[PDB]
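**Q**
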Amino acid sequence: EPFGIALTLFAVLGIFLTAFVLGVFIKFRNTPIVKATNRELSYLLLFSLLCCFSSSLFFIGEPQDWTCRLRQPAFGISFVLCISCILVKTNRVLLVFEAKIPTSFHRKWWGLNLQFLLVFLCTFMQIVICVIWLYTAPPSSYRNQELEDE
Amino acid sequence: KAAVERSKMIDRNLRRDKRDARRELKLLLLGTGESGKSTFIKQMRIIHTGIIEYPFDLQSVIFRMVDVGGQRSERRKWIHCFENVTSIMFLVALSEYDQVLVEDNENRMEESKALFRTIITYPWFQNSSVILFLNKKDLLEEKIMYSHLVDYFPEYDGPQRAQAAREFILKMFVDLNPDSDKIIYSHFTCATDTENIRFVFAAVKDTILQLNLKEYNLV
Numbered sequence: 002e003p004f005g006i007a008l009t010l011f012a013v014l015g016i017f018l019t020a021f022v023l024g025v026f027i028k029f030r031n032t033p034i035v036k037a038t039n040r041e042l043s044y045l046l047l048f049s050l051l052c053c054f055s056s057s058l059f060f061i062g063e064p065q066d067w068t069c070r071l072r073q074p075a076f077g078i079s080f081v082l083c084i085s086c087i088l089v090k091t092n093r094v095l096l097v098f099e100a101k102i103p104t105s106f107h108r109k110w111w112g113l114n115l116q117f118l119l120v121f122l123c124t125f126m127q128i129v130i131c132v133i134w135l136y137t138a139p140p141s142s143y144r145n146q147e148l149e150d151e
Numbered sequence: 185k186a187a188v189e190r191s192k193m194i195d196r197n198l199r200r201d202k203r204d205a206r207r208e209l210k211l212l213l214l215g216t217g218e219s220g221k222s223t224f225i226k227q228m229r230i231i232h233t234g235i236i237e238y239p240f241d242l243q244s245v246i247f248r249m250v251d252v253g254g255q256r257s258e259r260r261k262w263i264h265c266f267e268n269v270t271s272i273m274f275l276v277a278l279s280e281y282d283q284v285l286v287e288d289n290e291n292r293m294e295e296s297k298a299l300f301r302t303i304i305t306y307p308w309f310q311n312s313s314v315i316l317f318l319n320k321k322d323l324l325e326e327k328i329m330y331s332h333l334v335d336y337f338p339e340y341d342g343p344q345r346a347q348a349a350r351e352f353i354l355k356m357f358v359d360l361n362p363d364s365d366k367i368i369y370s371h372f373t374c375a376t377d378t379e380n381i382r383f384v385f386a387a388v389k390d391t392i393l394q395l396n397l398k399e400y401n402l403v
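Line order of the protein sequences matches chains A and B. My numbering puts the first residue of the first sequence at 2, with every later residue one more than the last. My numbering puts the first residue of the second sequence at 185, with every later residue one more than the last.
1. Mind pulling the beta strand (DSSP E) runs of 3 or more residues that sit fully within the segment 226 to 250 of chain B?
2. Let me confirm a value: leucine 212 of chain B is counted as buried when at least 16 other C-beta atoms fall within 10 Å, else exposed. Which label applies?
3. Where does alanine 298 of chain B fall in DSSP's three states?
4. Can you give me, in chain order, the residues of the segment 387 to 398 of chain B that have a beta carbon less than 8 Å from any beta carbon in chain A?
5. In chain order, what residues of the segment 232 to 266 of chain B put their CB closer than 9 Å to some CB of chain C?
6. Which residues, in order along the segment 193 to 217 of chain B, keep a beta-carbon less than 8 Å from a beta-carbon of chain A?
7. Mind pulling the beta strand (DSSP E) runs of 3 or more residues that sit fully within the segment 25 to 61 of chain A?
8. Between the segment 29 to 37 of chain A and the segment 73 to 84 of chain A, do at least 3 Cβ pairs fall closer than 8 Å?
9. Any idea if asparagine 268 of chain B is buried or exposed, counting beta-carbon neighbours within 10 angstroms, 16 or more meaning buried?
10. Ignoring anything shorter than 4 residues or poking outside the segment 254 to 339 of chain B, list the alpha helix (DSSP H) runs there in chain order.
11. Relative to the C-alpha of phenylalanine 317 of chain B, which candidate in B:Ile368, B:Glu325, B:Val286 and B:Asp341 has its C-alpha closest?
12. At what residues does the alpha helix (DSSP H) containing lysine 192 of chain B begin and finish?
13. Does DSSP put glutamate 351 of chain B in a helix, a strand or coil?
14. Look at the Cβ atom of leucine 45 of chain A, then the Cβ atom of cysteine 86 of chain A, and state whether they are nearer than 7 Å.
15. Between which two residues does the alpha helix (DSSP H) harbouring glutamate 399 of chain B extend?
16. Name, please, each residue of chain A whose Cβ falls closer than 8 Å to the Cβ of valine 403 of chain B.
17. With the cut-off set at 7 Å, would you say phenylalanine 54 of chain A and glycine 15 of chain A are in Cβ contact?
18. Would you decide whether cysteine 265 of chain B is buried or exposed? Buried here means 16 or more other CB atoms lie within 10 Å of its CB.
19. So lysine 109 of chain A is in the alpha helix (DSSP H); what residue range does that whole segment cover?
20. Closer than 7 Å, CB to CB, is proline 3 of chain A near chain B or not?
21. Taking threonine 104 of chain A as the query, report the chain B residues whose CB atoms sit under 8 Å from its CB, ordered along the chain.
22. Take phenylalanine 29 of chain A and list the residues in its own chain whose beta-carbon comes closer than 8 Å to its own, dropping the five residues that flank it on each side.
23. According to DSSP, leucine 209 of chain B sits in a beta bridge with which residue or residues?
24. Within this structure, are the beta carbons of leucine 360 of chain B and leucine 324 of chain B separated by less than 7 Å?
25. Comparing C-alpha positions only, which one of A:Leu8, A:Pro139 and A:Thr137 sits nearest to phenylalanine 60 of chain A?
26. Counting Cβ pairs closer than 8 Å, one from the segment 199 to 216 of chain B and one from the segment 134 to 149 of chain A, do we hit at least three?
27. Looking at C-alpha atoms only, which residue of B:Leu402, B:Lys202, B:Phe385 and B:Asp377 is the closest neighbour of residue 415 of chain B?
28. What are the residues that DSSP puts in a beta bridge with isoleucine 368 of chain B?
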């Protein structure tokens, strides 16, 4: 049906637009305004948005056990990943701009460890909930013919 | 049980003092002679040969300004002590263009420029901002009709031999700096110009924000 052909022909346009955007941030990766926003966490967000557009393509076609099991957790994890990225980026700048006396980070590299581990800490709670759920009662397909006769 | 108790108490007190000393700052008032150091200090101290430090009590930070001009000895041998200082409050007087010195028949502007170049050129002072206070503006503004600088200075081919413009001396001091120089904060003051302490806090906040923004790599 064209409705299916449609949702698919949107979810390719979104993928292409996200790919185009990541290309600028890769070509113009040293301009003052690009570096103004976190050029690490800005990249990770773009990948999460790519994951988001893709989750939708698991609702098209005849449902199966693995598809029905993977339908919701993928989108939930991707969206919470994006939200965590936004939240951690915002707090860093407020902290940078709420500075009285100078910094004291002891190692430059571990310095950017906090930037990445906070996102994983935020996502840990839903990765937990997804795992326990799937093992203690996985979703499954179900052919229903009771509601309408024909 | 003497040794353990004494050591533990001393370590605890020292750690408490170190933690309490987290909020502090140091600045040096390196200025030339006859720059009105006492006059400038008195105005800010009223409200808002030994090395004497003035413990300012600004908001949430105890500022410390140290007087170092009155030494009369070698400077490189003890300049190593000040390395954590975040700014230099260098001071000049604008009336030395015609106030010739003969005690060497060279104008004190040349000596002030040489001192500024020596202080800025120091490789040690690389992560510290520069504050260039200009005092005694009234004399330069008033007495210029009899003190044209076309002969006393070689780079003032302006309108004619009145209408004082301090921007020429500003440019002369600014040009004496290497390329990619940090922002030089210079606000002209007077005998009773009250708006100076707040110019200082402005440069301090800016000197720090720029640095941390460099450290967290946000650029």
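Positions of the beta carbon are idealized from the N, C-alpha and C atoms, including for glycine.
**A** Let's see:
1. 237 to 239
2. With 16 or more Cβ atoms within 10 Å of its Cβ, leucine 212 of chain B is classed as buried.
3. helix
4. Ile392, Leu393, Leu395, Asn396 and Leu397
5. Here chain C cannot be found, since the structure's protein chains are A and B.
6. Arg206, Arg207 and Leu209
7. none
8. no
9. exposed
10. DSSP runs (the alpha helix (DSSP H)) wholly in the segment 254 to 339 of chain B: 292 to 305, 321 to 326 and 333 to 336.
11. B:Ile368
12. Unbroken alpha helix (DSSP H) run through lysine 192 of chain B: 186 to 204.
13. helix
14. yes
15. 381 to 399
16. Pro33, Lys36 and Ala37
17. yes
18. exposed
19. 109 to 137
20. No, no contact with chain B.
21. Around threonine 104 of chain A, the beta-carbon contacts reaching into chain B at under 8 Å are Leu395, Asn396, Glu399 and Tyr400.
22. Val35
23. Per DSSP, B:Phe247.
24. no
25. Ranking the options by Cα distance to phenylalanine 60 of chain A, first place goes to A:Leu8.
26. no
27. The question about residue 415 of chain B has no answer, for chain B in this structure spans 185 to 403.
28. B:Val314
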